[PDB]
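Per-entry structural report
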Amino acid sequence: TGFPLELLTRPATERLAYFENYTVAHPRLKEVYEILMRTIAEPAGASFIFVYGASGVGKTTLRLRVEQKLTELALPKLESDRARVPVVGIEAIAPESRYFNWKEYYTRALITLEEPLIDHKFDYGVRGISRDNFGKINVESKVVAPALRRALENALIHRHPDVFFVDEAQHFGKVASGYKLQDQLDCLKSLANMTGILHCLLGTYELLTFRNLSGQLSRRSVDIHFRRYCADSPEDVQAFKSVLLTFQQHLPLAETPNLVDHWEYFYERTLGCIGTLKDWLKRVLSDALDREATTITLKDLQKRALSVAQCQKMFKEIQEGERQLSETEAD
Amino acid sequence: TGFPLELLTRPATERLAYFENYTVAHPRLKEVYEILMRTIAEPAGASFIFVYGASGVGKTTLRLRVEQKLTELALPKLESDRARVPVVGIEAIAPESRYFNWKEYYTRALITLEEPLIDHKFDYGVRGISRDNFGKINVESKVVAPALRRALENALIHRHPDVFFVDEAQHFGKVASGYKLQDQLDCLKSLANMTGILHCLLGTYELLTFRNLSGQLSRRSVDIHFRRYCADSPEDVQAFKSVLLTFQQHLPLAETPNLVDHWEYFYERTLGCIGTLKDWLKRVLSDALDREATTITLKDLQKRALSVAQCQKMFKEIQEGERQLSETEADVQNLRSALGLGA
DNA sequence: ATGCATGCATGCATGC
DNA sequence: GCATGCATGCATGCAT
Ligand SMILES: Nc1ncnc2c1ncn2[C@@H]1O[C@H](COP(=O)(O)OP(=O)(O)NP(=O)(O)O)[C@@H](O)[C@H]1O
Ligand SMILES: Nc1ncnc2c1ncn2[C@@H]1O[C@H](COP(=O)(O)OP(=O)(O)NP(=O)(O)O)[C@@H](O)[C@H]1O
Ligand SMILES: [Mg+2]
Ligand SMILES: [Mg+2]
């Protein structure tokens, strides 16, 4: 059906905002979203759900779509119990020091599950941790790590989120030493087990080595490979062409540019990633709107495209990750 | 058009000040400035803008120009959006320790986001961060780094600056171990992604070690090469001739000396970085004004030029930078062939 | 006036 | 041995 035609009478800002809000439900995304939703609907005794994808494949967008859907689902049940929390999600902070700071992570976890109805669980065993003089929670600096962890466990078991999201969980990987890496993921696992809360990890292929330090991790968790569209298969090429056609039909410009015929050039840079493709089209459309142009030329794509040096490194990284996603059976 | 002739009646300080304030809009600076402007106007999820080039090329001047232009643009809307700070800029501190110190960086970042009017941002952090009844937002020493970072992010998301400027970005390369370099920029990437604030990083080619730290970071970054003029192409030589003619016209003196004739020497001891040429000309003009001479001689230019060893070292660094920064259609075809059929 | 909350002063393990 | 950060120790202030 394309974009609404009346947007052409609107200023450039409105049209640009429209494009950003508009979403493409591509089939790989639908598959991954459905799988993740179904796995959320039934833990099956697995403490972790790992969603690893090539950068730009839609990971964070997927995570967001999941929170919206679960909030829509949980609002009717939230009617009854105000205290219960639907979903908690936060990005893992990359540490500036040698290793991951779990203390700051616990503080930000407590901040994330902050509830306006604080009167339900105003005391987690706190040394002045609860909010005061401001809406935001004021965690006491001198509180030791185990006490903060206990308070976080109490808050989790009180609110009981359906699933706990860690955005860009590749950061957990940073650690001071090769042998000390074994402890982080297992500590997170212990926290998940005691709380009983389903934890989900989203990140790049960097966590793949962090993923399978032993077979126990594979046994106790579920893998969701957010695969990109691969030019090797004509199926993925056709899907990519369909996505390009949808973007051509939905970008707010007077004349729809023929993006489809330049699919090879788009793949060259995007590498089958829809998010990178969407970002590139947003760049080009913003350029055109600021020029008040009428159509998109290949020069427009070239001007805001990623440098071929960037694409080379990106392709090497994703190809290495995909090859790593080939562990064989012990049979 | 030349300098205002009335300046000749003014003292030497005014004559020098006019030339110091004088600016040249040479084409490559305009191209880079336009690209940076357009990228800032649309972050498009990109987390980093890497602007790098040789020493003396115009990068800091660009940082000041974009700051002023964005402030001017946002002022009419700043008349309604009081809490906003359009552009904030800070210079990375070269650390005395073997590794960069993030604590001082965060403290100076908060200091950079300062408004004598406390009303716009009444609360900045947990404790030990509020101002001491003065405009300066002094930070208590015992405040640990993670809480400091949290306060910085809470201040940033409230002020919501369009772009965060980190000048002289090469100091981020100071680290104790090799692959810890990934983690050094990963921290800033996490800050940018959490705060939703686009970071522009400016520095020399020493920062090229950051260029492909990771595929994620490669996607998140945009490269803007501040090209210095290369004598191998007659186009750059023509542009350099135009710049030299403009400087010859605009320097205040009794007569305009023929700087154009000595373009070979100027390129020899400037490597085509117009900032160094401007600075050298300012030095020579200052010498002339101190002598109150009517004209610039080649001897004056020689008296305060750069040493041949310095020029050789600069060229040796620039050659490595450009070699790292080169791309050919053969590389594109090689990439395409790996992907599938290549055209 | 007596226990408790907090802020500053040692202190130590780390880090080198 | 200096430099660094967290932790606690001591001490004072508070307030009921
Ligand atoms: N299928 C999609 N439909 C609509 N918007 C999308 C889609 N995929 C990506 N986007 C847009 O792209 C951005 C999020 O892309 P995202 O999935 O986070 O890429 P990403 O690689 O996961 N981010 P990161 O991994 O940290 O570099 C948002 O602006 C989304 O609107
Ligand atoms: N385009 C320009 N127009 C006018 N003056 C310029 C220009 N570029 C540089 N300059 C002059 O060069 C000096 C600043 O150059 P600058 O951009 O700071 O070089 P720089 O390499 O960034 N300094 P640094 O990086 O610390 O070595 C000032 O004296 C400016 O007047
Ligand atoms: Mg993402
Ligand atoms: Mg400079």
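Residues numbered from 1 in each chain as written, not as in the entry; some residues may be left out. Chains lettered and ligands numbered in written order. Part of a larger assembly, values for the part shown. Heavy atoms only, no water.

**Quick look at the sheet that holds strand β3 (residues 163–167) of chain B**
Residue and element names in this part refer to chain B. So the rule is basically this: Think of it this way: DSSP has to see at least two bridges between two strands before they count as a pair. Secondary structure is summarised from DSSP: a helix means a run of H or I of at least four residues, a strand means a run of E of at least two, and numbering begins at the N terminus for each. In this analysis an axis means a line fitted to C-alpha atoms, helices contributing only their contacting stretch, and an angle means the value between N-to-C directions, from 0 to 180 degrees. Between two residues, a contact is recorded if the distance between any of their heavy atoms is within 4.5 Å.
Strand order in the open sheet formed by five strands is β2-β3-β4-β1-β5, and the pairing between neighbours is parallel. Each end of this open sheet is capped by a strand with a single partner; those strands are β2 (87–91) and β5 (221–225). This sheet shows a mean twist of 20° between the axes of neighbouring strands, independent of strand direction. Taken together, the four bridges between β3 and strand β4 (residues 198–203) define a ladder with parallel strand orientation. Pairing of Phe165 across the sheet is with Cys200, part of β4. Relative to the sheet, helix α3 (residues 59–78) contacts β1 (48–52), β2, β3 and β4, its axis offset from that of β3 by approximately 160°.

**Quick word on empty space enclosed by the protein**
For the record, the criterion: In the cavity and pocket records, a cavity denotes points on a 1 Å grid over the protein atoms alone where a 1.4 Å probe fits but cannot get out, a pocket denotes an open set with protein on both sides within 12 Å along at least 5 of 7 lines, and lining residues are residues with an atom within 4 Å of a point. Grid points are joined across faces, edges and corners, and a volume is the space filled by probe spheres set on the points. Here the term charged refers only to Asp, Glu, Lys and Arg, the term nonpolar to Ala, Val, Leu, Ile, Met, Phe, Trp, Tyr, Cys and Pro, and the term polar to all other amino acids, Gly among them.
On inspection of all chains with the given rule, the structure shows ten cavities of 30 Å³ or more. Approximately 140 Å³ is the volume attributed to the largest cavity. Forming the walls of the largest cavity are 15 residues, and the residues nearest its centre are A:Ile93, A:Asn101, A:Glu104, A:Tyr105 and A:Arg108. Counting only elements with at least two residues in the lining of the largest cavity, the list comes to β2 (87–91) and α4 (102–112) of chain A together with α5 (145–159) of chain B. It is α4(A) that provides the largest number of residues to the lining of the largest cavity, a total of three residues. Looking at the lining of the largest cavity residue by residue, the class counts come to nine nonpolar, one polar and five charged.

**Overview of the protein's contact with DNA strand C**
Here is the rule we go by: Any residue with at least one heavy atom within 4 Å of a molecule or strand is counted as near it. Pairs of N or O atoms are called polar contacts if they sit within 3.5 Å, as long as, within protein, a hydrogen donor faces a hydrogen acceptor (for residues adjacent in sequence, only side-chain-to-side-chain pairs).
Near DNA strand C, the surroundings consist of A:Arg127, B:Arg98 and B:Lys142. The side chain of A:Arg127 places a nitrogen or oxygen atom 3.3 Å from a phosphate oxygen of DNA strand C. In the model, a phosphate oxygen of DNA strand C is placed 3.0 Å from a nitrogen or oxygen of the B:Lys142 side chain.

**With respect to the UniProt feature "binding site: Mg(2+) 1" (unreviewed entry) in chain A**
Residues and elements named next belong to chain A. Quick reminder of the rule: UniProt positions are given in the numbering used here, feature names are shortened, and annotations may be inferred rather than shown by experiment. Each residue is assigned to one of three classes by its accessible area relative to the maximum for its type, calculated with a 1.4 Å probe on protein chains only: buried under 20%, partly exposed between the two thresholds, exposed over 50%.
If you check UniProt for "binding site: Mg(2+) 1" (unreviewed entry), the listed places come out as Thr60 in our numbering. On the secondary structure map, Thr60 appears in helix α3 (residues 59–80). On the basis of relative accessible area, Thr60 is assigned to the partly exposed category, the value being 31%. In this structure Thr60 touches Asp167 and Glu168, once residues within four positions along its chain are discounted.

**Brief notes about the interface of chain B and chain A**
Where the parts come together, the accessible area they lose is often given as the size of the interface. Note the cut-off: Accessible-area loss on putting two parts together, using a 1.4 Å probe and summing over both, is the definition of buried area adopted here. Here, a salt bridge means any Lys or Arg side-chain nitrogen found within 4 Å of an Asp or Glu carboxyl oxygen.
Contacts between the two partners involve 49 residues from chain B and, on the opposite side, 53 residues from chain A. Interface area, chain B with chain A, both sides summed: about 4400 Å², of which 49% is carbon and sulfur. Our enumeration of links across chain B and chain A arrives at eleven salt bridges. Between B:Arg150 and A:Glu104 there is a salt bridge, and its shortest N-O distance comes to 2.6 Å. Linking chain B with chain A are 26 residue pairs in polar contact, by the criterion used here. The set of elements that each furnish at least two residues to the side of chain B that touches chain A consists of α2 (27–41), α5, α6 (180–195), α7 (215–220) and α13 (329–339) of chain B. It is α6(B) that provides the largest number of residues to the side of chain B that touches chain A, a total of ten residues. When grouped by side-chain class, the residues that make up the side of chain B that touches chain A number 18 nonpolar, 14 polar and 17 charged.

**Considering the packing of aromatic side chains**
We apply this condition: Here a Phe, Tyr or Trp ring, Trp counted by its six-membered ring, pairs with any other such ring whose centre lies within 6.5 Å, and the pair is stacked when the planes are under 30 degrees apart, edge-to-face when over 60, and tilted otherwise. Definition used: whenever NZ (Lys) or CZ (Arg) falls within 6 Å of the ring centre and also within 35 degrees of the ring normal, the charge is taken to sit over that ring.
The tally for this structure, following the rule as stated, stands at 33 aromatic pairs over all chains. Between A:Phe134 and B:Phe122, the ring centres sit 6.5 Å apart and the planes meet at 40°, which makes this aromatic pair tilted. On the criterion of chain membership, the pair formed by A:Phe134 in the loop between α4 and α5 (145–159) and B:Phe122 in the loop between α4 (102–112) and α5 is interchain, its members lying in two chains. Using a relative accessible area of 32% as the deciding quantity, one classes A:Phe134 as partly exposed. Assessed through its relative accessible area of 65%, B:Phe122 is described here as exposed. Ring-pair connections join several aromatic residues into one group, and the members of that group are B:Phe100, B:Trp102, B:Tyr105, B:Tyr106, B:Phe164 and B:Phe172. Taking NZ or CZ as reference, A:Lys278 lies 5.3 Å from the ring centre of A:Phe19, over its face. The ring of B:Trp263 is capped by B:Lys241, whose NZ or CZ atom sits 5.4 Å from the centre of that ring.

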